[PDB]
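Peer 1: Please find one structure pasted underneath; my questions will follow.
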Amino acid sequence: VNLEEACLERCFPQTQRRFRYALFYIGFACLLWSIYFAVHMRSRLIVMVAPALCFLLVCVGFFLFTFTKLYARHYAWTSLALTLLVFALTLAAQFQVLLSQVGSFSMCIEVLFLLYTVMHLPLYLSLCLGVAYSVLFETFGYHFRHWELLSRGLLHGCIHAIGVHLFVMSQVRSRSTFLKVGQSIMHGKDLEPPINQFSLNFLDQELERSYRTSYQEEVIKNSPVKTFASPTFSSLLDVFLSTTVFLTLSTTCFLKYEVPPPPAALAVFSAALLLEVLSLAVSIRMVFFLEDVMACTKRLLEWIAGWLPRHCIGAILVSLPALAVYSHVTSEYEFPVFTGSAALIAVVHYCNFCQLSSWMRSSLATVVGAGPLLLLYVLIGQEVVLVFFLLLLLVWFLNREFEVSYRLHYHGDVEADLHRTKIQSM
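If you read the sequence shown in my numbering, its first letter stands for residue 23, the second for the next number, and so on.
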């Protein structure tokens, strides 16, 4: 446990810079809602706007608490108080209004994401608080408003599955980087952030070229699966979550029809499933390497492992759950709540596939997860914009934060084995 305590100190600047960004997020989010509430809901203004601006004072008090010595020692406890206080604000917002179900569901999604990824609490405390908050969210709305109740749970389960996967995989990067960065320290002893802010790339073009081929050389060399941070194992968990996110999301949409589903609706789902079953099986052949492996399928396995080809597969794999939502849209739309609330999971799902470029993933969430619903409306109309804009920027920030936490792990891997080679030389 001695190295555990030193690990936290090394990661303390990260758990503080992240936490201070969450305060900016909720402070900005709670200010846009107050402006939206103070104009379109003047019938009950002081009873809903006042919590928004009053809680803005909580962020100010918490932001200054960061510089206090107590935060340098009790950063976990202060992060817990955000989890409880923001829960109270969002749970009461659902109760106080009775606003669209889409607007409330965005609050549940965004607050859940902050707890899982950018709050730094123990897994059992984070997961239990998230489910307890979600079960309180889905129970206050119906109480203070067969198959209809199951659909909300399936969407709720998808949020936790993505959040847990982001949380678990983020601790893997931080811990593995800490071990490998400290591994080089003893190597340099025995011998005697290189990422641009805008494009999220290593400044040295030489590091880019090897990084872009990292998956390919991993497959070509058939290196064994070591930990959860291996480039080929991360793909397996990414596809496995993508299949489950797609399947649970597809189950709810087909529960709405229970007018028969459009021929397109049956076509896209089955086309996705036919593509999906191969993708899950291909990743098996890339990590497990059964005796059924053979030369011809080893030729194609490395080709898919390249930068351009894997981006194409990941782009349609990440967008596969989103394409299930928009395959149910026809001229008989006038459905306005189920499509909107399911689409929030679609844009959220773009946080998965951390290996791919964040800029392409985040952009595709805007055009393939937000654009269709936004244009379908072209005040409910003035709320879907603000609901999606808040969630999109959270997706953009989280994808950015995990991409720099994945390439940094690779930079620690190449730096660790460079020192190891130098040690073997002498």
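We put the CB at the ideal spot given by N, CA and C, even for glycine.
(1) For the region 340 to 351 and the region 252 to 269, state whether three or more C-beta atom pairs, one from each stretch, are separated by less than 8 Å.
(2) Judging by CA-CA distance, which residue of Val309, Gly210 and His182 is the nearest neighbour of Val370?
(3) Counting pairs of beta carbons, one from the region 281 to 291 and one from the region 344 to 356, are three or more of them closer than 8 Å?
(4) So what does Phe224 bridge to, in DSSP terms?
(5) Suppose contacts are defined by Cβ-Cβ distances below 8 Å. Is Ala327 in contact with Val436 by that definition?
(6) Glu356: which of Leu415, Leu398 and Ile207 sits nearest, CA to CA?
(7) Distance check for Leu312 and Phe200, CA to CA, integer angstroms please.
(8) With three or more beta-carbon pairs closer than 8 Å as the criterion, would you say the region 200 to 209 touches the region 441 to 448?
(9) With the cut-off set at 8 Å, would you say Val309 and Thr254 are in Cβ contact?
(10) Report the three-state DSSP secondary structure of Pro284 (helix, strand or coil).
(11) For the alpha helix (DSSP H) containing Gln377, name the first residue and the last one.
(12) In whole angstroms, give me the CA-to-CA distance for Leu420 and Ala72.
(13) Flag this pair as yes or no: are the beta carbons of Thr352 and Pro284 separated by less than 8 Å?
(14) Could you tell me the boundaries of the alpha helix (DSSP H) in which residue 451 lies?
(15) In this structure, does DSSP put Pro253 in helix, strand or coil?
(16) Shortest alpha-carbon distance to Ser156 belongs to which of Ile306, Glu425, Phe41 and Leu176?
(17) Three or more beta-carbon pairs under 8 Å between the region 317 to 327 and the region 366 to 380, yes or no?
(18) So which of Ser272, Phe360 and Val389 has the shortest CA-CA distance to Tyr372?
(19) Go through its chain and collect everything with a Cβ distance to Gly49's Cβ below 7 Å, but skip five positions before and after it.
(20) Please say whether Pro216 and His433 have beta carbons closer to each other than 8 Å?
(21) Check the C-beta distance from residue 17 over to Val359 and give it rounded, since I have them as a contact under 8 Å.
(22) So, helix, strand or coil for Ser292, using DSSP?
(23) If I'm right that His62 touches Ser101 with Cβ under 8 Å, what's the distance once you round it to whole angstroms?
(24) Taking the alpha-carbon of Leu412 as reference, which of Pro331, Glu132 and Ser65 has the nearest alpha-carbon?
Peer 2: For this structure:
(1) They touch, by the three-pair rule.
(2) The option with the nearest alpha carbon to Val370 is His182.
(3) yes
(4) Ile217
(5) In this structure, the beta-carbon distance from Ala327 to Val436 does not fall below 8 Å.
(6) Taking only the C-alpha atoms, the option nearest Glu356 is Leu398.
(7) 33 Å
(8) yes
(9) Against a cut-off of 8 Å, the Cβ pair of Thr254 and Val309 comes out as a contact.
(10) coil
(11) Element bounds for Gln377: n/a, residue is neither H nor E.
(12) Whole-angstrom Cα-Cα distance: 29 Å.
(13) In this structure, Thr352 sits near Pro284, with a CB-CB distance shorter than 8 Å.
(14) Any question about residue 451 goes unanswered here, given that the chain covers just 23 to 448.
(15) helix
(16) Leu176
(17) no
(18) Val389
(19) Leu78 and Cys81
(20) It is a contact, given that the beta carbons lie within the stated cut-off.
(21) Summary: the structure shown does not reach residue 17, with the chain confined to residues 23 through 448, and so no result is reported for it.
(22) helix
(23) Not quite, the Cβ-Cβ distance comes to about 33 Å (not below 8 Å), so this is no contact.
(24) Nearest C-alpha to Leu412: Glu132.
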